[PDB]
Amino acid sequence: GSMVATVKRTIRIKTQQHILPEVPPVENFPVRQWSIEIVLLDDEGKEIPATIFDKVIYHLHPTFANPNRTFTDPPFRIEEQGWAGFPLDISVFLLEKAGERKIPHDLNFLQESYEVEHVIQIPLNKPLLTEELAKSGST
């Protein structure tokens, strides 16, 4: 029904992490610096700036201070320090108030860096968003 009037896009969440040796381990667990960024993929699979979002909010574990962190410019890079991975929620806000999407992400220390792809459905009823969507594929 109402979901017919949408296009799909794949976004790629990019995570990196490494130990900070100058930070005392917590219960023998080392503290790590970690970062998350978000890019968009085009129809050929190349990364391009995710300009279809005007805001990203990382909803961090409540062991973090001010755990809801807003970013407004691609690639919406967040950097933090911690000791244990966790599911976090990433809210991405489409241009022109076209809608919030909540992307589940798993922050973990299994790899130095790892990328995860998510498909979102985006409406075609906001002119400025529709023009932006043309940069990443058919509309």
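The numbering used is simple: start at 1 and walk along the sequence shown.
Student: On mean Cα temperature factor in this entry, is 29-37 or 104-112 the higher one?
Tutor: Mean C-alpha B-factor is greater for 104-112.
Student: Which of the two stretches, 95-103 or 43-51, shows the higher mean Cα temperature factor in the record?
Tutor: So the stretch with the higher mean C-alpha B-factor is 43-51.
Student: Which third of the chain holds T72 when residues are ordered by C-alpha B factor: lowest, middle or highest?
Tutor: CA B-factor rank for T72: lowest third.
Student: Which third of the chain does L88 land in by C-alpha B-factor: lowest, middle or highest?
Tutor: Tercile = highest for this residue's CA B-factor.
Student: Relative to the other modelled residues in the chain, which third contains the C-alpha temperature factor of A65: lowest, middle or highest?
Tutor: CA B-factor rank for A65: highest third.
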